[PDB]
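Encoded as C-alpha cells, the structure appears first; notes follow it.
Sequential numbering from 1 along the given sequence is applied to the chain's residues. First listed ligand is number 1; within each ligand, the first listed atom is number 1. All values below come from the heavy atoms of this structure, side chains included, with hydrogens, waters and symmetry mates left out.
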Amino acid sequence: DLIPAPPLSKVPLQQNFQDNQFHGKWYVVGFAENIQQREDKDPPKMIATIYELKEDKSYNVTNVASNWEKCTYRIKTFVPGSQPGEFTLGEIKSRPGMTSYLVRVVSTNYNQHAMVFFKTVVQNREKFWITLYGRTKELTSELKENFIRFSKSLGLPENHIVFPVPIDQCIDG
Ligand SMILES: O=C(CC(O)(CC(=O)NCCCCNCCCNC(=O)c1ccc(O)c(O)c1)C(=O)O)NCCCCNCCCNC(=O)c1ccc(O)c(O)c1
Ligand SMILES: [Ga+3]
C-alpha cells in the first residue's frame, strides 16, 4: 500500500532557480513522506538544513539536529542535474543498495520559504518526501495550507504530513 511516487512531470520546478539566493540556513518547518509519520513517537524536533554553494556549483548540504546526547552535523553533496533546481546525491555509492537520489526545488521566494521534493530508490523500493523550508522556524497558516494542499496533490494525505517542534539547541547555529 506504500504510496507511489507521482510522475516527475507532475512535480513543479521553481522557474529561474537562483542557486546563490537559495544558500544558507533553512529550517525544516514541515515535511510529508510516503513511508510514515512513524506511529509510536512524540512529535519530532525541528532540524536545520544549510546549503553552501561550492566553486563547482554543487551544494555542500549540512543537516543540523538535536538528539539527547548532542548536536549532529550530517553532510552530503547535491550535484546539479539537467535543469537549475534539480540535484542528485554525490555520495550515492556510500548508500548501500541505493541506485537513485533526486532533489527538485519545487518553489521558493529565497528569503522566506521553499518546498523541496526528494526521491530515492533503494533495492527497487521508491521513497519520496517533501520538505517545507522556512528562513524562520515559525510560519503562517497561509504557507502551512499551501504545503498541505501540495502534499495531497502528490498523493500524501494529512496523516503523512508532520510539523516539527521549533527548538533553540543545535539549529540556532
Ligand atoms: O540512507 C540514508 C537515507 C538518505 O540517503 C535519504 C532519506 O531517505 N531521507 C529521509 C528524510 C525524510 C525527512 N525526515 C524529516 C525531515 C527532516 N529531514 C530532512 O529534511 C532530510 C532531508 C534529506 C535527507 O537525506 C535527510 O536525511 C533528512 C539520507 O541521506 O537520509 N541515510 C543514511 C546514510 C548513511 C551514510 N553512511 C553513514 C555515515 C553517517 N551519515 C552521514 O554522514 C549522513 C550525511 C548526510 C545524510 O543525509 C545522511 O542521511 C547521513
Ligand atoms: Ga540523509
Starting from [atom], locate the nearest protein heavy atom and write down its residue, its atom name and how far away it is, to 0.1 Å.
atom                    : answer
atom 37 (N) of ligand 1 : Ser94 O, 4.3 Å
atom 14 (N) of ligand 1 : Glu33 OE2, 4.3 Å
atom 8 (O) of ligand 1  : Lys127 NZ, 3.0 Å
atom 44 (C) of ligand 1 : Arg74 CB, 3.7 Å

Is there at least one protein heavy-atom neighbour under 4.0 Å from [atom]?
atom                    : result
atom 26 (C) of ligand 1 : yes
atom 20 (O) of ligand 1 : yes
atom 47 (C) of ligand 1 : yes
atom 41 (N) of ligand 1 : no

Inset, instruction - Answer yes or no: is there an ion pair linking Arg104 with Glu86, defined by an N-O contact shorter than 4.0 Å? - result: yes

Relative to the heavy atoms of [X], which atoms of ligand 1 are at a distance of less than 4.0 Å?
X      : value
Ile75  : 45 (C), 46 (C)
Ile47  : 17 (C), 18 (N), 19 (C)
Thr131 : 20 (O)
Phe31  : 15 (C), 16 (C)
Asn63  : 21 (C), 24 (C), 26 (C), 27 (O), 28 (C)
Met98  : 5 (O)

Inset, instruction - Give the single entry among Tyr133, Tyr73, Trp26, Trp129 that approaches atom 13 (C) of ligand 1 most closely by any heavy atom. - result: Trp129

First locate atom [atom1] of [X], then atom [atom2] of [Y], and finally report the distance between them rounded to the nearest 0.5 Å.
X      : Y      : atom1 : atom2 : result
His113 : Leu132 : NE2   : CG    : 8.5 Å
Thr72  : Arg74  : OG1   : CZ    : 4.0 Å
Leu53  : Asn20  : CG    : CG    : 7.0 Å

Legend entry - Mode of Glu91 contact toward ligand 1 - side chain, backbone, both, neither (heavy atoms, under 4.0 Å): neither

Inset, instruction - Determine which pairs satisfy side chain to side chain donor-acceptor pair (under 3.5 Å) with at least one residue from residues 134-143, sequence neighbours left out, and list them in order. - result: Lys137-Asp168, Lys137-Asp172

Inset, instruction - Compute the ring centroids of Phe17 and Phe22, then answer whether they are less than 6.0 Å apart. - result: yes

Legend entry - Modelled atom types, side-chain donor and acceptor of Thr77 and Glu91, under 3.5 Å: yes

Does an N or O from [X], backbone or side chain, lie closer than 3.5 Å to an N or O of ligand 1?
X      : result
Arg95  : yes
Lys76  : yes
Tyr101 : yes

Legend entry - Atom CG of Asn67: over 12 foreign heavy atoms under 6.0 Å: yes

Inset, instruction - With side-chain contact (heavy atoms from CB on, under 4.5 Å) as the test, would you mind laying out the steps for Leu156 and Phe128 before giving the verdict? - result: CA-CA 10 Å; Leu156 292 182; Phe128 80 94; 3.8 Å; yes

Legend entry - Whether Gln15 side chain and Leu13 backbone form a donor-acceptor pair below 3.5 Å: no

Legend entry - Hydrophobic cluster membership, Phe117 vs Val162, 4.5 Å side-chain cutoff: no

Legend entry - NZ or CZ of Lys54 within 45° of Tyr59 ring axis and under 6.0 Å: no

